[PDB]
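**Q** Let me begin by handing over the structure; questions about it come next.
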Amino acid sequence: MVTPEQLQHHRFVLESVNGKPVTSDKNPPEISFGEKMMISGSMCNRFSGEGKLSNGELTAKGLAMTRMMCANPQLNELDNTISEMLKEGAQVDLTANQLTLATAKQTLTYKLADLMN
Numbered sequence: 001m002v003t004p005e006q007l008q009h010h011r012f013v014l015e016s017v018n019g020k021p022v023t024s025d026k027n028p029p030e031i032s033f034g035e036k037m038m039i040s041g042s043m044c045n046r047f048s049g050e051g052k053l054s055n056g057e058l059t060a061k062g063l064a065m066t067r068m069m070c071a072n073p074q075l076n077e078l079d080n081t082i083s084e085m086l087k088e089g090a091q092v093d094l095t096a097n098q099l100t101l102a103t104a105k106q107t108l109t110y111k112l113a114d115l116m117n
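Put into structure tokens, the structure is as follows:
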């Protein structure tokens, strides 16, 4: 079962959207977590919010974001996906070393590229 502790010290990098990979020079839409299961992430417009983990469901008790753009459309739309998923309760299938989501919105797949080989 997914647990909170196995997340609060382990970043993940966006590896594949449902629709395509992502390639972002050296600044990918990675995501990180920390104490209280809190969330900081960067689809394009930045986000943050008070995460939770108790059964496999990542809800944000308060998201917040900016109004940026990123010169590709994908990254700038991907913000609304994460916003939706974290409102509704993103079903978190973190396996051995790959994060998978699958919510009403879409699926998203991230890597434990945790800077610890």
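With PDB author numbering as the guide, the letters of the sequence shown map in order to residues 1 to 117. Idealized CB from N, CA, C, for every residue including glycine.
#1: Give the single residue among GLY62, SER54, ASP93, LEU99 whose Cα lies nearest to the Cα of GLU30.
#2: Among the candidates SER54, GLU77, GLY62, whose CA atom is the shortest distance from the CA of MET68?
#3: In terms of residue numbering, what span does the alpha helix (DSSP H) encompassing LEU115 cover?
#4: Sorted by chain position, which residues of the same chain lie with C-beta nearer than 6 angstroms to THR59's C-beta, five sequence neighbours on each side aside?
#5: Is it buried or exposed for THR3, if we count other Cβ within 10 angstroms and need 16 for buried?
#6: Quick one: measure Cβ to Cβ for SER83 and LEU101, integer angstroms, because I've assumed they're closer than 8 angstroms.
#7: Residue range of the alpha helix (DSSP H) that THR81 falls in?
**A** On the basis of the coordinates in this document:
#1: Nearest to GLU30 by alpha-carbon distance, out of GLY62, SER54, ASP93, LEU99, is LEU99.
#2: Nearest option by C-alpha distance: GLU77.
#3: Note, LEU115: premise wrong, no alpha helix (DSSP H); not H, not E.
#4: Answer for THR59: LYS52, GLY89, listed in chain order.
#5: Its Cβ having fewer than 16 others within 10 Å, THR3 is exposed.
#6: In this structure, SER83 and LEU101 do not form a Cβ contact; the two beta carbons are roughly 13 angstroms apart against a cut-off of 8 angstroms.
#7: DSSP places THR81 inside the alpha helix (DSSP H), whose first and last residues are 73-88.
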